[PDB]
There are 4 protein chains.
Amino acid sequence: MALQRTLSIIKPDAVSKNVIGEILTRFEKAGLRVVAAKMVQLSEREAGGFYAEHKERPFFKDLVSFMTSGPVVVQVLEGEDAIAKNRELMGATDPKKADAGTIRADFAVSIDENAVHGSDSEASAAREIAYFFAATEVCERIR
Amino acid sequence: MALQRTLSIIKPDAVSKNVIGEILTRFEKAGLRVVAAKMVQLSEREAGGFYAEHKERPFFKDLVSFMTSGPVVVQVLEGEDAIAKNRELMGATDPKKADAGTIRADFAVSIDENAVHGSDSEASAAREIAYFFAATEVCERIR
Amino acid sequence: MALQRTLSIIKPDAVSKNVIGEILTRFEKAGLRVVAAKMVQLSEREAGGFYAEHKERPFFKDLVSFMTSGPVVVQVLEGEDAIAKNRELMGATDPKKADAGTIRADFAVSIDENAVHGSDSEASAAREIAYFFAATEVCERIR
Amino acid sequence: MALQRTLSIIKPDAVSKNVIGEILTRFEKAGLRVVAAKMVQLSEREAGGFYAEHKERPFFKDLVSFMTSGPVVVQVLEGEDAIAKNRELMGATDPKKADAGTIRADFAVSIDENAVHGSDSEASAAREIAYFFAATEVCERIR
């Protein structure tokens, strides 16, 4: 299948325990290419807009409060079947249900503080990436 | 003695061979904290301005050529005695003369393609960091 | 009917002759709102990844050459029927065929150096804006 | 003495009443050059850091409230004795006391909502500019 893109956010729990290099290597080892990256401190509004999807959900407030508790790292990953592949090595959203070797298994403390977020689909990825990055900022690799 | 900052650039050789995660983890393992990060592709001018110090030096233009051949990753590392510490684990500029365990030993192919650059002092760090980052972009860790 | 958005680029001819304030006020007087703005020096690469649409056109080379000859200003304009309105006060692409009172009439020297560019439809606007700006950077205002 | 730089912030009062074009043209007419610009929505944290100088002053709280109430425009102006020239055009901080023709006279409603901020010295300018802009983002004019 064709090369796709997905968004990776390293959440503040993983940033603050200094496991950024560790997490990014996992993606690279799986054959994904990091084609954009920037560390940013999300404002309240910025977080609300990204998770606008879940605005009417129950725990939107806690999610937002956690995602703005410190700096995150926002990333675009490129490669063959990138969406499903990112998802695989990240593992189940719930860390206690995650497989051995996944990022959720190895770095996540709880449901809330689950280390990293990833795009769940083809369509979700396009929106999530466009939200954080202008198209010119994405530097797909040439050599 | 105090916490300092230094600039790390992962050069295009290391970006294109997908060793970014690997290199960042080395920094983190040594107890440095990544407090800013962004992937950019340097334009001709960007590069010239950063290495303005060596403009007068003869090869300069091969360095410029190399640094703009593809995307790089620019980061700010924070921690105790951060300058000397970054330099330690980076290793000698010349990769053949670097020790075992350093980034130059493990990732660098030649003098020219030597994987990464780092600030070489207290004062050069301030200038190099200010060149790539506004002070508000630097996100000191609170959690 | 509905409030829309369009992209404004003040090209390097107009930037270098210091007419930025003049042009922006024209937009504002017409009831459009500037909801994003940044001055950038477009790289040779950036070059019309923007103008990818005219990549096969003959004189593409000169357009790109001109658009990177100096700094431009990239803007998002918001308001009722913003697309047609921007186009109205901008005027015809040829400055000599442009109507009196328009930007092309008042600031443009030639076909090549025609002061400013604008989005030509709803669909082209969405693409052009997304190219230069992440959605979070666009600040619709309240107060 | 040579060309200098100063920071201009168009505050949210002036942004929301759509006088950005008007204010910028004033600067340009005076022979100052806009060499950087970006519209931003300052978070609490961003604003507090910029006015860190007045953090022990009593009124601080209201200043911060106002500066984050909506989007602002941050600008770097370059030209001969740019610092005193920016200050001339702007007028007295207190709009009552401002001369005719100045920005404070023509756009400012009160002490709090005084339309725009500027750097007050060489030294304050260097820090204010560095705070919002990396040195590479500043595009001094060619051509």
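What counts, and where the lines are drawn
Residue labels used throughout are counted from 1 along each chain in written sequence order rather than taken from the entry, whose numbering may differ, and residues without coordinates are not included. Here every chain gets a letter starting at A, and every ligand a number starting at 1, in the order they are written. Based on all heavy atoms of the structure, the side-chain values leave hydrogens and waters out of the count. The way it works is that DSSP assigns letters per residue, a run of H or I at least four long becomes a helix, a run of E at least two long becomes a strand, and they are numbered from the N terminus. Both definitions apply: the radius of gyration is a C-alpha atom measure, and the globule rule equals 2.2 Å times residues to the power 0.38. The cut-offs for exposure are 20% and 50% of the maximum accessible area for each residue type, with area from a 1.4 Å probe on protein chains only; residues under the lower value are buried, those over the upper are exposed, and the others partly exposed. In summary, the charge assignment counts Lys and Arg as positive and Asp and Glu as negative, without counting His or the chain termini. Here the site of a charge means atom NZ of a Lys, CZ of an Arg, CG of an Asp or CD of a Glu. Just so you know, the copies are superposed with least squares on the C-alpha atoms alone. The criterion used for residue contact is that any of the two residues' heavy atoms lie within 4.5 Å. To obtain an axis, a line is fitted to C-alpha atoms, over the contacting stretch when the element is a helix, and the angle between two such axes runs from 0 to 180 degrees between their N-to-C directions. Comment on the angle field: the value is read as roughly parallel under 35 degrees, roughly antiparallel over 145, roughly perpendicular from 65 to 115, and oblique elsewhere. By the definition used in this description, the sense in which the near helix is turned from the far one sets the handedness, with an anticlockwise turn below a right angle giving left-handed and a clockwise turn giving right-handed. Residues are grouped as follows: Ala, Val, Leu, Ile, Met, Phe, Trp, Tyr, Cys and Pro are nonpolar; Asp, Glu, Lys and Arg are charged; every other residue, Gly included, is polar. Put simply, buried area is the surface a 1.4 Å probe can reach on two separate parts but cannot reach once they are joined, added for both. Salt bridges are defined as contacts in which a side-chain nitrogen from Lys or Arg sits within 4 Å of a carboxyl oxygen from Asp or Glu. Within 3.5 Å is the distance limit for a polar contact, defined as a pair of N or O atoms, with the added protein rule that one can donate a hydrogen and the other accept it, and that residues adjacent in sequence qualify only through two side-chain atoms. Between any two strands, pairing holds if DSSP finds at least two bridges. Here the arc refers to the set of directions running from the helix axis out to each C-beta atom. Sulfur atoms of two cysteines make up a disulfide when they are within 2.5 Å.

The deposited coordinates for this entry were obtained by X-ray crystallography, with a reported resolution of 3.55 Å.

S.K.: Explanation requested: the overall build of chain A in the structure shown.
M.R.: Broken down by element type, chain A carries seven helices and four strands. Along chain A, helices and strands appear, N-terminal first, in the series β-α-α-β-α-α-β-α-α-β-α. Computed over C-alpha atoms, the radius of gyration of chain A comes to 14 Å, within 12% of the 15 Å expected from 2.2 N^0.38 for 143 residues, which places it in the range of a compact globule. Projected onto its principal axes, the C-alpha coordinates of chain A cover approximately 45 × 35 × 25 Å. Counting every position in chain A, which comprises 143 residues, the buried fraction comes to 53%. Within chain A, one finds 19 positive and 22 negative side-chain charges whose respective centroids are separated by 1 Å.

S.K.: I tried to follow the relation of the copies chain D and chain B on my own but got confused; where do I start?
M.R.: Relating one copy of the chain to the other takes a rotation about an axis and a shift parallel to that axis. In the superposition of chain D on chain B (RMSD 0.2 Å, axial shift 0.1 Å), the rotation amounts to 178 degrees. Expressed as a symmetry operation, the mapping of one chain copy onto the other fits a two-fold axis. No C-alpha of chain D lies nearer the rotation axis than that of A134(D), which sits 2.2 Å from it. Residue by residue, 90% of the interface of chain D is reproduced at the interface of chain B, so both copies engage with the same surface.

S.K.: Mind showing me how you'd approach the packing of helix α2 (residues 20-29) of chain A against helix α2 (residues 20-29) of chain B here?
M.R.: If you want to describe how two helices pack, look at the angle between their axes and the distance between the axes. Between α2(A) and α2(B), the least distance of the axes is 7 Å, while the angle of their chain directions is 160 degrees. Accordingly, the angle class assigned to the pair α2(A) and α2(B) is roughly antiparallel. In this structure, α2(A) crosses over α2(B), and the sense of that crossing is left-handed. Across the interface between the two elements, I20(A), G21(A), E22(A), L24(A), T25(A) and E28(A) from α2(A) touch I20(B), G21(B), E22(B), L24(B), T25(B) and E28(B) from α2(B). Of the residues assigned to the contact of α2(A) with α2(B), the class counts are four nonpolar, four polar and four charged.

S.K.: Explain the interface of chain A and chain B here, please?
M.R.: Note on interface size: it is often stated as the accessible area lost on association of the parts. Residue-level contacts link 24 residues of chain A with 24 residues of chain B. Carbon and sulfur atoms make up 60% of the surface buried where chain A meets chain B, a total of about 2100 Å² over both sides. At the junction of chain A and chain B, the tally comes to zero salt bridges. On the surface where chain A and chain B come into contact, there are 13 residue pairs in polar contact. Where the side of chain A that touches chain B is concerned, the elements lending two or more residues are α1 (12-16), α2 and β2 (33-40) of chain A. Class assignment for the residues of the side of chain A that touches chain B results in 12 nonpolar, six polar and six charged.

S.K.: Looking at this structure, I do not really get the pairing of strand β3 (residues 72-80) of chain D. What am I missing?
M.R.: Walk down a regular strand and you will see the side chains alternate between the two sheet faces. Residues and elements named next belong to chain D. Taking burial as the measure, the nine residues of β3 include eight buried ones, the bulk of the element. In the sheet, strand β1 (residues 3-10) pairs with β3 via eight bridges, with the strands oriented antiparallel. Within β3, the position partnered with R5 by the bridge is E78. Sheet topology note: the strand β2 (residues 33-40)/β3 ladder contains seven bridges and is antiparallel. Pairing of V40 across the sheet is with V72, part of β3.

S.K.: Looking at this structure, how should I read the pairing of strand β1 (residues 3-10) of chain B?
M.R.: Residues and elements named next belong to chain B. Across the eight residues of β1, six count as buried, placing the element largely inside the fold. In this sheet, strand β4 (residues 116-118) lies alongside β1 in antiparallel orientation, the contact comprising three bridges. If you follow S8 over to β4, its bridge partner there is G118.

S.K.: Hey, could you run me through helix α4 (residues 82-90) of chain C in this one?
M.R.: In an α-helix, one turn spans 3.6 residues, which is why side chains three or four residues apart end up on the same side. Residues and elements named next belong to chain C. By the burial criterion, the buried members of α4 are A82, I83, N86, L89 and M90. Projected down its long axis, α4 carries its buried residues within an arc of 145 degrees, all on one side. On its buried face, α4 is in contact with β1 (3-10), α2 (20-29), β3 (72-80), α5 (103-107), β4 (116-118) and α6 (122-132). A positive backbone phi angle near 95 degrees is found at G91, which sits one or two residues after α4.

S.K.: Which parts of the structure should I look at to understand the interface of chain D and chain B?
M.R.: On the chain B side, the residues contacting the 10 residues of chain D number 10 residues. Taken together, the two surfaces of chain D and chain B that pack against each other cover about 690 Å², and 51% of this comes from carbon and sulfur. A per-residue breakdown of the area chain D buries against chain B is headed by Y131(D), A134(D) and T136(D), which together make up 57% of the total. The tally of links from chain D across to chain B stands at zero salt bridges.

S.K.: When you look at the state of the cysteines in this model, what are you seeing that I'm missing?
M.R.: Such a bond, covalent and formed between the sulfur atoms of two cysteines, is termed a disulfide. Within the structure shown, the criterion is met by zero disulfides over all chains. No disulfide involves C139(C); its nearest neighbouring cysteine sulfur is the one of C139(B), lying 17 Å away.

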